[PDB]
$ cat model_6.cif   # mmCIF, C-alpha atoms and all ligand atoms
data_final
#
loop_
_atom_site.label_atom_id
_atom_site.label_comp_id
_atom_site.auth_asym_id
_atom_site.auth_seq_id
_atom_site.Cartn_x
_atom_site.Cartn_y
_atom_site.Cartn_z
CA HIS A 1 7.52 -9.03 -15.00
CA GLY A 2 5.26 -11.79 -13.70
CA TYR A 3 2.21 -12.75 -11.68
CA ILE A 4 0.86 -15.54 -9.49
CA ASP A 5 -1.79 -17.73 -11.13
CA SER A 6 -2.11 -20.45 -8.45
CA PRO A 7 -3.76 -19.67 -6.06
CA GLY A 8 -4.86 -17.06 -8.59
CA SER A 9 -3.83 -13.58 -7.49
CA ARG A 10 -6.22 -10.63 -7.35
CA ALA A 11 -4.65 -9.14 -10.48
CA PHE A 12 -4.58 -12.50 -12.26
CA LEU A 13 -8.30 -12.99 -11.63
CA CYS A 14 -8.91 -9.56 -13.19
CA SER A 15 -7.29 -10.75 -16.42
CA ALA A 16 -8.73 -12.54 -19.43
CA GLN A 17 -6.70 -15.63 -18.56
CA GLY A 18 -8.22 -15.40 -15.06
CA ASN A 19 -11.61 -15.31 -16.83
CA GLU A 20 -12.49 -11.97 -15.25
CA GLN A 21 -13.52 -13.43 -11.91
CA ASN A 22 -12.67 -9.96 -10.60
CA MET A 23 -14.15 -7.07 -12.54
CA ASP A 24 -13.77 -3.29 -12.59
CA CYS A 25 -9.99 -3.58 -12.21
CA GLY A 26 -8.94 -0.92 -14.72
CA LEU A 27 -5.68 -1.46 -16.58
CA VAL A 28 -4.69 -4.30 -14.17
CA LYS A 29 -6.84 -6.59 -16.32
CA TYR A 30 -4.46 -6.17 -19.25
CA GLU A 31 -1.08 -6.34 -17.45
CA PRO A 32 -1.27 -8.31 -14.19
CA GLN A 33 2.49 -8.94 -14.69
CA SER A 34 3.35 -5.27 -14.22
CA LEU A 35 2.88 -4.53 -10.49
CA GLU A 36 6.46 -3.32 -10.06
CA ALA A 37 7.67 -1.09 -7.22
CA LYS A 38 10.61 -0.59 -4.88
CA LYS A 39 11.79 -3.72 -3.06
CA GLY A 40 12.09 -4.11 0.69
CA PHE A 41 8.54 -4.37 2.02
CA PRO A 42 7.73 -3.63 4.82
CA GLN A 43 10.75 -1.44 5.63
CA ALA A 44 10.29 0.20 2.21
CA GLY A 45 8.19 -0.41 -0.88
CA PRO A 46 4.57 0.50 -1.64
CA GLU A 47 2.98 2.84 0.86
CA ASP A 48 0.16 1.86 3.21
CA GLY A 49 -3.21 1.79 1.46
CA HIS A 50 -1.50 1.21 -1.92
CA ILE A 51 0.10 -2.18 -1.34
CA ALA A 52 -2.16 -4.09 -3.75
CA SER A 53 -1.59 -1.53 -6.53
CA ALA A 54 2.19 -1.53 -5.88
CA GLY A 55 1.74 2.22 -5.47
CA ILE A 56 0.91 2.63 -9.18
CA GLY A 57 -1.98 5.04 -9.71
CA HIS A 58 -3.68 3.34 -12.63
CA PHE A 59 -3.74 0.03 -10.71
CA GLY A 60 -5.51 1.73 -7.77
CA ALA A 61 -8.73 -0.25 -8.24
CA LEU A 62 -6.91 -3.07 -6.45
CA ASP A 63 -6.65 -0.97 -3.28
CA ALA A 64 -10.35 -1.29 -2.52
CA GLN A 65 -10.83 -3.45 0.58
CA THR A 66 -14.21 -4.82 1.68
CA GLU A 67 -15.39 -8.31 2.56
CA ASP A 68 -17.53 -8.27 -0.61
CA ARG A 69 -15.09 -6.86 -3.16
CA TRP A 70 -12.77 -9.67 -4.20
CA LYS A 71 -13.18 -13.23 -5.40
CA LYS A 72 -11.52 -15.52 -2.84
CA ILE A 73 -9.61 -18.70 -3.65
CA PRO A 74 -10.67 -21.51 -1.26
CA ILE A 75 -7.68 -23.13 0.43
CA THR A 76 -7.14 -25.45 3.39
CA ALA A 77 -4.70 -24.44 6.11
CA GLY A 78 -1.29 -26.10 6.05
CA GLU A 79 0.96 -26.66 3.08
CA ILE A 80 0.44 -24.36 0.08
CA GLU A 81 2.25 -23.87 -3.24
CA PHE A 82 2.48 -20.58 -5.14
CA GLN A 83 3.05 -20.60 -8.91
CA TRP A 84 4.46 -17.57 -10.75
CA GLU A 85 4.23 -17.07 -14.52
CA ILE A 86 7.46 -15.21 -15.33
CA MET A 87 6.71 -13.33 -18.56
CA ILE A 88 10.11 -11.59 -18.49
CA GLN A 89 12.87 -13.36 -16.55
CA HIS A 90 15.11 -11.31 -14.24
CA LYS A 91 17.86 -12.28 -11.83
CA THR A 92 16.13 -12.95 -8.54
CA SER A 93 17.02 -12.31 -4.90
CA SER A 94 14.03 -14.14 -3.44
CA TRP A 95 10.37 -15.15 -3.44
CA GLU A 96 8.57 -14.38 -0.20
CA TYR A 97 5.05 -14.37 1.22
CA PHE A 98 3.27 -12.33 3.90
CA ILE A 99 -0.21 -12.91 5.29
CA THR A 100 -2.73 -10.66 7.00
CA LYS A 101 -2.74 -10.76 10.79
CA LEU A 102 -5.24 -12.78 12.75
CA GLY A 103 -7.86 -10.19 13.55
CA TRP A 104 -7.14 -7.89 10.62
CA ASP A 105 -10.05 -5.80 9.33
CA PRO A 106 -11.24 -6.92 5.87
CA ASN A 107 -13.17 -3.65 5.44
CA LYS A 108 -10.16 -1.34 5.93
CA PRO A 109 -7.22 -0.65 3.61
CA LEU A 110 -4.26 -3.00 3.44
CA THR A 111 -1.39 -1.53 5.47
CA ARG A 112 1.69 -2.75 7.29
CA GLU A 113 -0.37 -2.89 10.48
CA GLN A 114 -2.81 -5.23 8.67
CA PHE A 115 0.01 -7.66 7.73
CA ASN A 116 2.32 -9.78 9.80
CA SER A 117 5.65 -7.97 9.90
CA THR A 118 7.74 -10.88 8.64
CA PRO A 119 7.08 -13.38 5.85
CA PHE A 120 5.74 -16.83 6.59
CA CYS A 121 7.61 -18.26 3.59
CA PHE A 122 10.92 -17.27 2.00
CA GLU A 123 12.92 -18.86 -0.82
CA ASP A 124 16.38 -17.45 -1.57
CA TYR A 125 17.33 -17.61 -5.27
CA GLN A 126 20.86 -16.23 -4.77
CA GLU A 127 20.56 -13.83 -7.76
CA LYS A 128 20.04 -16.67 -10.24
CA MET A 129 17.94 -16.35 -13.39
CA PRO A 130 14.57 -18.09 -12.83
CA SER A 131 12.82 -20.34 -15.28
CA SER A 132 9.67 -19.05 -16.98
CA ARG A 133 7.37 -20.73 -14.43
CA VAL A 134 8.31 -20.89 -10.74
CA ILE A 135 6.76 -22.80 -7.83
CA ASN A 136 7.41 -21.94 -4.17
CA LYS A 137 6.44 -24.52 -1.54
CA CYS A 138 5.24 -22.99 1.73
CA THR A 139 3.35 -23.68 4.95
CA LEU A 140 0.71 -21.36 6.38
CA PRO A 141 1.05 -20.22 10.02
CA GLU A 142 -0.93 -22.12 12.60
CA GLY A 143 -4.41 -21.07 13.61
CA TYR A 144 -5.45 -19.46 10.35
CA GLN A 145 -8.96 -19.58 8.99
CA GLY A 146 -11.39 -17.30 7.23
CA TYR A 147 -10.77 -14.49 4.78
CA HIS A 148 -7.08 -13.52 4.54
CA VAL A 149 -4.89 -11.75 1.99
CA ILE A 150 -1.49 -13.16 1.06
CA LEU A 151 1.16 -10.81 -0.35
CA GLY A 152 3.59 -12.47 -2.74
CA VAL A 153 6.83 -10.56 -3.35
CA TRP A 154 9.30 -11.33 -6.13
CA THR A 155 12.46 -9.34 -5.39
CA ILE A 156 14.73 -8.54 -8.37
CA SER A 157 18.44 -8.74 -7.58
CA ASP A 158 19.85 -6.42 -10.27
CA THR A 159 17.33 -3.55 -9.93
CA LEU A 160 15.84 -1.53 -7.08
CA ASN A 161 12.44 -3.15 -7.54
CA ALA A 162 10.14 -6.08 -6.75
CA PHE A 163 6.81 -7.36 -8.05
CA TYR A 164 3.83 -7.33 -5.68
CA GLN A 165 0.95 -9.83 -5.85
CA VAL A 166 -1.91 -9.84 -3.30
CA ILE A 167 -4.07 -13.00 -3.23
CA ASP A 168 -7.55 -13.23 -1.71
CA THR A 169 -8.20 -16.50 0.11
CA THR A 170 -10.85 -18.23 2.19
CA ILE A 171 -8.89 -20.51 4.55
CA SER A 172 -10.54 -23.59 6.06
CA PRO A 173 -9.02 -24.89 9.31
CA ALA A 174 -6.34 -27.52 8.77
CU CU A 201 10.11 -7.47 -15.82
CU CU A 202 -2.23 5.01 -16.73
#

$ encode --input "model_6.cif" --output "structure tokens"
Amino acid sequence: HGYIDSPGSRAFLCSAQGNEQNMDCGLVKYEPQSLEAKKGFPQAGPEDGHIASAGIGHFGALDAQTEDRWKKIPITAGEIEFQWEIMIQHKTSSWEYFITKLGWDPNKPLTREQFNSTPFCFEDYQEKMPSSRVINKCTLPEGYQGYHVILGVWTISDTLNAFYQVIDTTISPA
């Protein structure tokens, strides 16, 4: 169980510790650490249209997708660091990050077609137990600007599951 608090994830910003910068999030507000679903996105895992909720019904408020809906973290293109708060540590296969395609539609549901098919950042943890706070250093793909959604995936090595964290960003050109 864990969540990304820098850049603050969509679920994190729903929470009290995110100071409710997103509202009307349902139960997400009270357990942003709990977006657990089958590993293996995009070949498996949460179905299209339910990626942000990790396919969990009572987190479905996160599946709304409009330009106006979500608070966006401002970031500059290039190097980026993601920080996870690991409330319950589990042996870890990897940390990986996907981003929406150039030309995705911010007013349509998040789907595999809306995301690049492969991650832009991948850190192999070789099934080791992580510390309680984890930082992954990454680099954004070239040519990115504007509103984009980043999907953070924390894949658990000793279960069938992973934790899914979408992040809303406004990217300024490098
Ligand atoms: Cu857990
Ligand atoms: Cu419920």

$ residues_around --input "model_6.cif" --residues "residue A:123" --least-positions-apart "2" --cutoff "8 Å" --atoms "all atoms listed in the file" --output "NGL selection string"
:A and (94-96 or 121 or 125 or 136)

$ residues_near_ligand --input "model_6.cif" --ligand "ligand CU 202 (chain A)" --cutoff "12 Å" --atoms "all atoms listed in the file" --output "compact mmCIF listing (two decimals) with C-alpha atoms, keeping the file's coordinate frame"
# COMPACT_ATOMS: atom_id res chain seq x y z
CA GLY A 26 -8.94 -0.92 -14.72
CA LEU A 27 -5.68 -1.46 -16.58
CA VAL A 28 -4.69 -4.30 -14.17
CA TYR A 30 -4.46 -6.17 -19.25
CA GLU A 31 -1.08 -6.34 -17.45
CA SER A 34 3.35 -5.27 -14.22
CA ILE A 56 0.91 2.63 -9.18
CA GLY A 57 -1.98 5.04 -9.71
CA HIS A 58 -3.68 3.34 -12.63
CA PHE A 59 -3.74 0.03 -10.71
CA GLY A 60 -5.51 1.73 -7.77
CA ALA A 61 -8.73 -0.25 -8.24

$ closest_residue --input "model_6.cif" --among "A:99, A:171, A:16, A:162" --to "ligand CU 201 (chain A)" --atoms "all atoms listed in the file"
A:162

$ closest_residue --input "model_6.cif" --among "A:172, A:92, A:118, A:107" --to "residue A:156" --atoms "all atoms listed in the file"
A:92

$ atom_distance --input "model_6.cif" --atom1 "atom CA of residue A:108" --atom2 "atom CA of residue A:81"
27.3 Å

$ atom_distance --input "model_6.cif" --atom1 "atom CA of residue A:12" --atom2 "atom CA of residue A:131"
19.3 Å

$ closest_residue --input "model_6.cif" --among "A:3, A:62, A:47, A:71" --to "residue A:21" --atoms "all atoms listed in the file"
A:71

$ residues_near_ligand --input "model_6.cif" --ligand "ligand CU 201 (chain A)" --cutoff "9 Å" --atoms "all atoms listed in the file" --output "NGL selection string"
:A and (1-2 or 33-34 or 36 or 86-90 or 156 or 163)

$ residues_around --input "model_6.cif" --residues "residue A:161" --least-positions-apart "5" --cutoff "6 Å" --atoms "all atoms listed in the file" --output "list in words"
residues 37, 38, 39 and 156 of chain A

$ closest_residue --input "model_6.cif" --among "A:18, A:100, A:134, A:111" --to "residue A:50" --atoms "all atoms listed in the file"
A:111

$ closest_residue --input "model_6.cif" --among "A:135, A:25, A:35, A:150" --to "residue A:119" --atoms "only C-alpha atoms"
A:150

$ atom_distance --input "model_6.cif" --atom1 "atom CA of residue A:174" --atom2 "atom CA of residue A:75"
9.5 Å

$ closest_residue --input "model_6.cif" --among "A:11, A:132, A:140, A:22" --to "residue A:85" --atoms "only C-alpha atoms"
A:132

$ residues_near_point --input "model_6.cif" --point "(-5.4, -21.5, 11.6)" --cutoff "9 Å" --atoms "all atoms listed in the file" --output "PDB file with C-alpha atoms, keeping the file's coordinate frame"
ATOM      1  CA  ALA A  77      -4.700 -24.440   6.110  1.00  0.00           C
ATOM      2  CA  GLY A  78      -1.290 -26.100   6.050  1.00  0.00           C
ATOM      3  CA  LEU A 102      -5.240 -12.780  12.750  1.00  0.00           C
ATOM      4  CA  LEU A 140       0.710 -21.360   6.380  1.00  0.00           C
ATOM      5  CA  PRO A 141       1.050 -20.220  10.020  1.00  0.00           C
ATOM      6  CA  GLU A 142      -0.930 -22.120  12.600  1.00  0.00           C
ATOM      7  CA  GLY A 143      -4.410 -21.070  13.610  1.00  0.00           C
ATOM      8  CA  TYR A 144      -5.450 -19.460  10.350  1.00  0.00           C
ATOM      9  CA  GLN A 145      -8.960 -19.580   8.990  1.00  0.00           C
ATOM     10  CA  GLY A 146     -11.390 -17.300   7.230  1.00  0.00           C
ATOM     11  CA  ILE A 171      -8.890 -20.510   4.550  1.00  0.00           C
ATOM     12  CA  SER A 172     -10.540 -23.590   6.060  1.00  0.00           C
ATOM     13  CA  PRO A 173      -9.020 -24.890   9.310  1.00  0.00           C
ATOM     14  CA  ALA A 174      -6.340 -27.520   8.770  1.00  0.00           C
TER      15      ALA A 174
END

$ decode --input "model_6.cif" --residues "stretch 79-94 of chain A" --atoms "N, CA and C atoms" --output "mmCIF file, in the first residue's frame"
data_model
loop_
_atom_site.group_PDB
_atom_site.id
_atom_site.type_symbol
_atom_site.label_atom_id
_atom_site.label_comp_id
_atom_site.auth_asym_id
_atom_site.auth_seq_id
_atom_site.Cartn_x
_atom_site.Cartn_y
_atom_site.Cartn_z
ATOM 1 N N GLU A 79 14.040 16.233 -16.778
ATOM 2 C CA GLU A 79 14.174 15.361 -15.626
ATOM 3 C C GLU A 79 13.026 15.585 -14.643
ATOM 4 N N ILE A 80 12.600 14.492 -14.010
ATOM 5 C CA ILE A 80 11.493 14.504 -13.053
ATOM 6 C C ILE A 80 11.737 13.381 -12.052
ATOM 7 N N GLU A 81 11.385 13.629 -10.795
ATOM 8 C CA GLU A 81 11.492 12.648 -9.726
ATOM 9 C C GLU A 81 10.107 12.363 -9.172
ATOM 10 N N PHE A 82 9.809 11.085 -8.955
ATOM 11 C CA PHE A 82 8.568 10.646 -8.334
ATOM 12 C C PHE A 82 8.863 10.100 -6.945
ATOM 13 N N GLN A 83 8.100 10.546 -5.956
ATOM 14 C CA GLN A 83 8.257 10.097 -4.575
ATOM 15 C C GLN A 83 7.017 9.324 -4.149
ATOM 16 N N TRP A 84 7.224 8.085 -3.706
ATOM 17 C CA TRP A 84 6.183 7.254 -3.116
ATOM 18 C C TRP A 84 6.302 7.253 -1.600
ATOM 19 N N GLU A 85 5.150 7.365 -0.921
ATOM 20 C CA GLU A 85 5.014 7.091 0.506
ATOM 21 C C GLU A 85 4.500 5.660 0.633
ATOM 22 N N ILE A 86 5.327 4.787 1.198
ATOM 23 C CA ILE A 86 5.046 3.355 1.258
ATOM 24 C C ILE A 86 4.495 3.067 2.651
ATOM 25 N N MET A 87 3.162 3.120 2.790
ATOM 26 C CA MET A 87 2.556 2.915 4.103
ATOM 27 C C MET A 87 2.709 1.475 4.583
ATOM 28 N N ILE A 88 2.648 0.507 3.674
ATOM 29 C CA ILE A 88 2.923 -0.886 4.010
ATOM 30 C C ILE A 88 3.921 -1.412 2.985
ATOM 31 N N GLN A 89 5.114 -1.777 3.452
ATOM 32 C CA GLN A 89 6.181 -2.224 2.568
ATOM 33 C C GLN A 89 5.923 -3.641 2.069
ATOM 34 N N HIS A 90 6.167 -3.856 0.773
ATOM 35 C CA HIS A 90 6.059 -5.166 0.147
ATOM 36 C C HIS A 90 7.220 -5.352 -0.808
ATOM 37 N N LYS A 91 7.683 -6.596 -0.925
ATOM 38 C CA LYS A 91 8.729 -6.923 -1.882
ATOM 39 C C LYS A 91 8.307 -6.480 -3.277
ATOM 40 N N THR A 92 9.240 -5.860 -3.997
ATOM 41 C CA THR A 92 8.920 -5.033 -5.152
ATOM 42 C C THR A 92 9.629 -5.532 -6.407
ATOM 43 N N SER A 93 8.859 -5.773 -7.473
ATOM 44 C CA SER A 93 9.461 -6.047 -8.776
ATOM 45 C C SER A 93 10.016 -4.772 -9.399
ATOM 46 N N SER A 94 9.225 -3.697 -9.406
ATOM 47 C CA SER A 94 9.636 -2.514 -10.152
ATOM 48 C C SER A 94 8.764 -1.320 -9.801
#
